[PDB]
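Residue numbers (the authors' numbering), protein chains in the order written: chain p, 2 to 90; chain d, 2 to 202; chain t, 2 to 83; chain q, 4 to 86. Here is the structure we will look at.
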Amino acid sequence: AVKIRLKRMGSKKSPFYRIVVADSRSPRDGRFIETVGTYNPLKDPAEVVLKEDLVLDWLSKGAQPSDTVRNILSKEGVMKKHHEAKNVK
Amino acid sequence: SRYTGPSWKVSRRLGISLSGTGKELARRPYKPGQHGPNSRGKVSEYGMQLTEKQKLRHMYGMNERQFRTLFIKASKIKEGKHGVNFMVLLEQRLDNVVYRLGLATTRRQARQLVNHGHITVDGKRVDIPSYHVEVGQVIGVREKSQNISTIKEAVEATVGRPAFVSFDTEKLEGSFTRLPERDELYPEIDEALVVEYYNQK
Amino acid sequence: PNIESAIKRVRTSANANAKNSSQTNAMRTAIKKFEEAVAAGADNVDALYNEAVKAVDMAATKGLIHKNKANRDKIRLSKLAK
Amino acid sequence: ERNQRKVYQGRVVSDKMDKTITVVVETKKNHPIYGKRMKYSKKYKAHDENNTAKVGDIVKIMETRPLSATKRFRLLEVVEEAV
RNA sequence: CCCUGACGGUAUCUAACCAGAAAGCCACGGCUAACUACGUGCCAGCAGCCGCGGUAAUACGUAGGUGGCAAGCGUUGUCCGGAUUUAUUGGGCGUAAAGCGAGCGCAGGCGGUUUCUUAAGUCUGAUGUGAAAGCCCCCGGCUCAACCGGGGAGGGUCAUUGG
RNA sequence: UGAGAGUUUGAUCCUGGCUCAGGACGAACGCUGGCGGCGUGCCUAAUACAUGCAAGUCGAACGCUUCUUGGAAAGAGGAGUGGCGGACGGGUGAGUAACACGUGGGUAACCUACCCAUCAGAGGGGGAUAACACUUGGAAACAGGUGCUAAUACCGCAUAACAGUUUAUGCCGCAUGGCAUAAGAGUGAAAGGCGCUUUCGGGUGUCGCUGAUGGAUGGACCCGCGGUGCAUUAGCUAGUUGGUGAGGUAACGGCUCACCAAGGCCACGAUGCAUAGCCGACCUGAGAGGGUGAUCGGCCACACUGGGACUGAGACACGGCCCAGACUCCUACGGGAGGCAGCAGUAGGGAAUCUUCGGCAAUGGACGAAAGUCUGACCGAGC
Numbered sequence: 002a003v004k005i006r007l008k009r010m011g012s013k014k015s016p017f018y019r020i021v022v023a024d025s026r027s028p029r030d031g032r033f034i035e036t037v038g039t040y041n042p043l044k045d046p047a048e049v050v051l052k053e054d055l056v057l058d059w060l061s062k063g064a065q066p067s068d069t070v071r072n073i074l075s076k077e078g079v080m081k082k083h084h085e086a087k088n089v090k
Numbered sequence: 002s003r004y005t006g007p008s009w010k011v012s013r014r015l016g017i018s019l020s021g022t023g024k025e026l027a028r029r030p031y032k033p034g035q036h037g038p039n040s041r042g043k044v045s046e047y048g049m050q051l052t053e054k055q056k057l058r059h060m061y062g063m064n065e066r067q068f069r070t071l072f073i074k075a076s077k078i079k080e081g082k083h084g085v086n087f088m089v090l091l092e093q094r095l096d097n098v099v100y101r102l103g104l105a106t107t108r109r110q111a112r113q114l115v116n117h118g119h120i121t122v123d124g125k126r127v128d129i130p131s132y133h134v135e136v137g138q139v140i141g142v143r144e145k146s147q148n149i150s151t152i153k154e155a156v157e158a159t160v161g162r163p164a165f166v167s168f169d170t171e172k173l174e175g176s177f178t179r180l181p182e183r184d185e186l187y188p189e190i191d192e193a194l195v196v197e198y199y200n201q202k
Numbered sequence: 002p003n004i005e006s007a008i009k010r011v012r013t014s015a016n017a018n019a020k021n022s023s024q025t026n027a028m029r030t031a032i033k034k035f036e037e038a039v040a041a042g043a044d045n046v047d048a049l050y051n052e053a054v055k056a057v058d059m060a061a062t063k064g065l066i067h068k069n070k071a072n073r074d075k076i077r078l079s080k081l082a083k
Numbered sequence: 004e005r006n007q008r009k010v011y012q013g014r015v016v017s018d019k020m021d022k023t024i025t026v027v028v029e030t031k032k033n034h035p036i037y038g039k040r041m042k043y044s045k046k047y048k049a050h051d052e053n054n055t056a057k058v059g060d061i062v063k064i065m066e067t068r069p070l071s072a073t074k075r076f077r078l079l080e081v082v083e084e085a086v
């Protein structure tokens, strides 16, 4: 059950998140496999940076996003590309 | 803490004016206390390095932790010397900028003006006196309420305006043109005794 | 036990143990029943070889021996009779 | 098989056991505080299909998998025989 | 399109009023910056090491003054430095501490000149790896700073393969 | 980026010890205290633990039963059979001087639920049981007996070999051997639920079910080298070291057996005794070094003390079972119950270390088609 989920990295009331691919048994801030982009809930139009050439490779191997990761992966047009590669060939 | 004492005993103990040449050492140029006029024998070469350090620390009214951190920071430049870069970083603090510009007579008055929230850099207010003013930033006088008694009068009587300070007396904007030099800055005390004082800290 | 779900696991696993042991003993006696007839040199010797093979195979689909144990078993028996 | 195991070199030391020989591989390594180079030795056990090689031989061995409680190597070839 | 905040009427911003509520701890004979009075009389006491105290004590106890730091200041305990005082870097053995009373010798350590060869040590190139956070370098965000984020270097006595 | 000083003498130079001037800390205590921000807070007894909470969920797998609106459909409760989860997350450092850990490799000796892809199936039968109803013994915890009942619960019969194994062929590798193709022999599975079209339509969407192969992810085993004191600790081993075969395991192997032999390790420190979780890192130093392994991340070990297995993809199991032991508690004397090194909290030890708080709004986790339900992880507040 590989996942693609968020990981908290702020101070106390100014949170920040790294987008990371981890085994689902791991702790939220513990071990992971690799990091895939960044996400900032402040900064009114929220800031996303991500590689999007590893997201498409993990997605095709059975990794699965959480609910917020799917929202910010569709705002970037990554889910459409998965759609157009899988069920189109 | 900062300091509130008689501020003039301080100059009589360093042997330097500290207040824009306005004379605290006019009468009785000796030290305070009973044993003032009756001086005594020589002073070590520890007393000399301590006296130089205290001269510089009391010039700009700061505390010992902050003085030492500023000194440690100036040591990471490696472009020039280490006492020159120190005494130049010392000048770029928002209190000296208000003193040099001319909106205040003393440095204590300038400190209270920047503490009580009457000045602005680039339009935005800034309240804390240890701020680091960079080169080319017009610091202003809170165009909300610039009609105060003492600021007005202390803009008129310009005792000293330097060769690195720019200013216009209508909008009340000033800025540093570029960084100063030792010839332009107290070539009287030191920067080598102070560097040695921190070798064995 | 304290937790309600820990109390159910006790009876569930007790029942699983009961039937698991029953079926393992079934398999073991089938195999031994073949061995005691190949050590005698008796007529009706290929039929019980077949039956022992089938016994092992069925135990492997009931989650009782892994799958490699079954390959090992069928190999050993094959080298004894056929 | 594109991955490769480890081969070594040494002189045979014991040949009493049946099908097994001890080979000493020798090397020099330095001292951590002071500089100079000391010599260092460790013994290996290797497998012998027929109890061939004898003492003083200079052999090569290769890493296999557990063949007993202690032996992990096999005998590749004999390079130079003692007389 | 529509729908959800425990913190919490929290941070923050604007108006009026008032210098009014907000400074202490250690030291002052030499090391080591900062001295005069009075009390007491080898007593009462002080000390990190030198050492003070028996009638004019800058060394004890108070007062006035002065020095260092400051919402803290001193004291005890633990560790590294100063300590080249275990010395690879980086010490010594005539008299200061220190050549076994003398030989013979197994293992070990170190070895004259030179031609060809090898490549174990030695030197060097390329590839993999040495997590993240830390120290460090550049850049950026909280009114500044602590703090927070982005991109790098560094760290192996490491492995493989080619000179 | 390498600063020194006092102190042996009547005076000196050298040797030499002792002391001081710098840093830092999970610190304690004396005097004294205005605020905000970010962090930190049982180092001692791995001592004994009152009280509350820390793991459940699914009615779209299945039969029952109670209500609110004699036949009525919905909404809200109750226990039960069945699935999945409870091996994660959270705590502590007692044991351990060894493949435990770090770094570098190997497995042609290996396993892997949920997740992604591919190929092929999904046929036809049977016997029960809890609940429920009645009934016995019980101080209780709880046990039995009779009768009826359901399923994705359970069991046989069919069909499937792409799996393993053996034979021939071709190619190949670092011994054992590996890959691909052809045959031969014995054998092995499976389950429905909710919808759409519904002329009988007999079709179909979706989620589940069985067999085989890959990926991913997680685990297992073997090896080189590296990090502690004592020689006022020199001998240690008898499944011990090797071979033959047999059993056994996911798997190679003295892993365990029967037989055969007499080997193995040690001054390059075996054996024994004492102390210690290991590392990224942290403090100090000009460097080489020296001293620590608290907050945070990774690996390991333990769960009142000591043995064992069972269920399961995975445990020899942190709020599971069985036996023994010490301790505590309830009893009608026949007997029963328990384990804060989870979060708070208490008594005790100590120079010494916090509230018996709010919420799942955010991030992560379990189950469910989903709304959702659970979460002392965690996000906040208090000292």
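Every residue, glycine too, gets a C-beta built ideally from N, C-alpha and C.
Beta-bridge partners of q/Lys46 (DSSP): q/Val27. Contact annotation: d/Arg109 and d/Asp96 have beta-carbon atoms that are not nearer than 7 angstroms.
Rounded to whole angstroms, the separation of the alpha carbons of d/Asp169 and d/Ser8 is 31 angstroms. Contact between p/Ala64 and p/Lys4 holds, since their C-beta atoms are separated by about 7 angstroms, short of 8 angstroms. In the three-state DSSP reduction, d/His119 falls in the coil class, being neither helix nor strand.
d/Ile140 sits buried, since 16 or more C-beta atoms from the chains shown fall within 10 Å of its C-beta. When Cβ pairs closer than 8 angstroms are counted between the two stretches, the region 56 to 72 of chain t is seen to touch the region 21 to 38 of chain t, the count reaching three or more.
Only residues of its own chain outside the window of five on either side were considered, and among them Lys8, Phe33 and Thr36 have a CB closer than 6 angstroms to the CB of p/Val21, listed in chain order.
Here p/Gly38 is buried. Its C-beta has 16 or more other C-beta atoms within 10 Å. Judged by DSSP in its simplified three-state form, d/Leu51 adopts helix. Burial check for q/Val82: the Cβ neighbour count within 10 Å stays below 16, so the residue is exposed.
The residue from d/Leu91, d/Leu26, d/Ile73 and d/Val127 with its alpha-carbon nearest to that of d/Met63 is d/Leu91.
Between d/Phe72 and d/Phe87, the C-beta spacing is below 7 angstroms. Looking at the backbone, the Cα of t/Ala53 and that of t/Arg73 are separated by about 13 angstroms. d/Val99 sits away from d/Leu180, with the two beta carbons spaced by 7 angstroms or more.
In the three-state reduction of the DSSP assignment, p/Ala23 falls in the strand class. With fewer than 16 other Cβ atoms inside 10 Å of its own Cβ, q/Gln12 counts as exposed.
Segment contact: the region 115 to 129 of chain d against the region 16 to 30 of chain d, fewer than three CB-CB distances shorter than 8 angstroms; contact not assigned. Scanning q/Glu80, q/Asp18 and q/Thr23 for the CA closest to the CA of q/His50 turns up q/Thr23.
In this structure, DSSP gives q/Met20 a state outside helix and strand, which the three-state scheme calls coil. Beyond the five residues adjoining it in sequence on each side, p/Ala2 comes within less than 6 angstroms, by CB distance, of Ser25 in the same chain, given in chain order. Taking the Cα positions, q/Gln7 is about 21 angstroms away from q/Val26. One Cα belongs to d/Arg13, the other to d/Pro30, and the distance between them is close to 6 angstroms. Distance check between p/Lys44 and each of p/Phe17, p/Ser67, p/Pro28 and p/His84 places p/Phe17 closest, using alpha-carbon atoms only. Setting aside the 5 residues that flank it on each side, q/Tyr47 is surrounded in the same chain by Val26 and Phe76, each with a C-beta closer than 6 angstroms to its C-beta; the list follows chain order.
At a Cβ-Cβ threshold of 7 angstroms, d/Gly84 and d/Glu192 count as neighbours. In the structure shown, the three-state DSSP call for q/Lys32 is strand. Within the same chain, and ignoring the five residues on either side of p/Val49 in sequence, the residues whose Cβ sits closer than 6 angstroms to its Cβ are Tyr40 and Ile73. Only buried fits d/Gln50, as 16 or more other CB atoms lie within 10 angstroms of its CB. For d/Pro33, the CB contacts under 8 angstroms within the same chain, skipping 5 residues up- and downstream, are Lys10, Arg13 and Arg14 in chain order. Per DSSP, the continuous alpha helix (DSSP H) segment holding d/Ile152 begins and ends at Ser150 to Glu157. Residue burial is scored here from C-beta neighbours: d/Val134 has at least 16 other C-beta atoms within 10 angstroms and is therefore classed as buried.
DSSP lists q/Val10 and q/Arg77 as the beta-bridge partner residues of q/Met65. When DSSP states are grouped into helix, strand and coil, p/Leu7 belongs to the strand group.
Closest option to q/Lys45, judged by alpha-carbon separation, among q/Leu79, q/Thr55, q/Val28 and q/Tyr37: q/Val28.
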